[PDB]
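Below is one structure, written out as structure tokens; the observations come after it.
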Amino acid sequence: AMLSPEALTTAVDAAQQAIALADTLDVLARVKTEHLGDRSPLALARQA
RNA sequence: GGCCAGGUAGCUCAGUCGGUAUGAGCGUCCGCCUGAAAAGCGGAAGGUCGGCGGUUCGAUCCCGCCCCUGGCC
């Protein structure tokens, strides 16, 4: 099982950092697809 | 008024009685391509699955109410 507490924290810390570096709404939409869509790292985690 | 059957992507519709709708066709975007296009080929974006709540670690799928189409009245 690859859902350790430091595994999800590695994804959230990388997601919130990219969200913090989103300066326009178009960039945020691209970040949303990579960190909250059905192909995000959290997606493969929640799919298991 | 009854037990049902339906509301799902921009359009027209499939599909699942709990952890991915690997959704389809067409519509939208990028690349190869063309003077520029389209087709073709190869990549992608986009749905809070009818609304408000209930159960649950987690609900398009299970409970209750309501909204709107139909079938029978």
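In what follows, chains carry the letters A, B, and so on, assigned in the order in which the sequence lines appear, proteins first and then strands, with residues in each chain numbered from 1.
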Per the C1'-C2'-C3'-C4' dihedral, where positive means north and negative south, the sugar of B:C61 is south

Taking atom P in both B:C29 and B:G10, what distance in whole Å separates the two?
-> 15 Å

Between B:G6 and B:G15, how far apart are the P atoms? Round to whole Å, please.
-> 9 Å

North or south sugar at B:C49, going by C1'-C2'-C3'-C4' (positive north, negative south)?
-> south

Sugar at B:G19: north or south, per the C1'-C2'-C3'-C4' sign?
-> south

Which whole number of Å gives the distance between the P atom of B:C32 and that of B:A39?
-> 16 Å

Using the heavy-atom set of chain A and a strict 4.0 Å cut-off, write down the first and last nucleotide of RNA chain B that makes it in, 5' to 3'.
-> B:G19 to B:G46

pair_partner(B:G18), Watson-Crick or wobble, both distances < 3.5 Å, evaluates to none

When the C1' atoms of B:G47 and B:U56 are considered, how many whole Å apart are they?
-> 24 Å

Can you give me every donor-acceptor pair (side chain of residues 21-28 of chain A, partner residue at least two apart or in another chain, under 3.5 Å) with its distance?
from    : atom 1 : to      : atom 2 : distance (Å)
A:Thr24 : OG1    : A:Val27 : N      : 3.3

Who is the Watson-Crick or G-U wobble partner of B:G71, with both distances under 3.5 Å?
-> none

Just checking, are the bases of B:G42 and B:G43 stacked by our 5.5 Å, 30° definition for the six-membered rings?
-> yes

Would the bases of B:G27 and B:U28 meet the stacking rule of centres under 5.5 angstrom and planes under 30°?
-> yes

Should B:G19 and B:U20 be reported as a stacked step, that is, with six-membered ring centres less than 5.5 angstrom apart and planes less than 30° apart?
-> no

Does B:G10 pair with anything, Watson-Crick or G-U wobble, both distances under 3.5 Å, and if so, with which nucleotide?
-> B:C26

Quick one: side chains of residues 37-48 of chain A, donor-acceptor pairs under 3.5 Å with protein atoms, not counting sequence neighbours, listed by atom name and distance.
from    : atom 1 : to      : atom 2 : distance (Å)
A:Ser40 : OG     : A:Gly37 : O      : 2.9
A:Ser40 : OG     : A:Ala43 : N      : 3.0
A:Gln47 : NE2    : A:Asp38 : O      : 3.4

Between B:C49 and B:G53, is a Watson-Crick or G-U wobble pair present, with both distances under 3.5 Å?
-> no

Furanose pucker, B:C68, classified by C1'-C2'-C3'-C4' = south

Taking atom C1' in both B:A36 and B:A14, what distance in whole Å separates the two?
-> 39 Å

Under a 3.5 Å rule for both distances, is B:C52 the Watson-Crick or G-U wobble partner of B:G64?
-> yes

Tell me whether B:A5 and B:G6 stack, counting them as stacked only when the base ring centres are under 5.5 Å apart and the planes differ by under 30°.
-> yes

Watson-Crick or G-U wobble pair, B:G23 with B:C13, both distances under 3.5 Å = yes

Just read off the sign of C1'-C2'-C3'-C4' for B:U22 and name the pucker, north if positive, south if negative.
-> south

Would you check if B:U56 and B:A14 are a Watson-Crick or G-U wobble pair, both distances kept under 3.5 Å?
-> no

Rounded distance in Å between the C1' positions of B:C68 and B:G51 = 11 Å

Between B:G50 and B:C67 - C1' atom distance, rounded Å = 8 Å

B:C57 to B:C65 separation - P atoms, rounded to the nearest Å | 25 Å

Specify whether both conditions hold for B:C61 and B:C62: six-membered ring centres separated by under 5.5 Å, and ring planes at an angle under 30°.
-> no

Considering all heavy atoms of both residues, which atom of A:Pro5 and which atom of A:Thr9 are nearest to each other, and what is their separation?
-> O-OG1, 2.6 Å

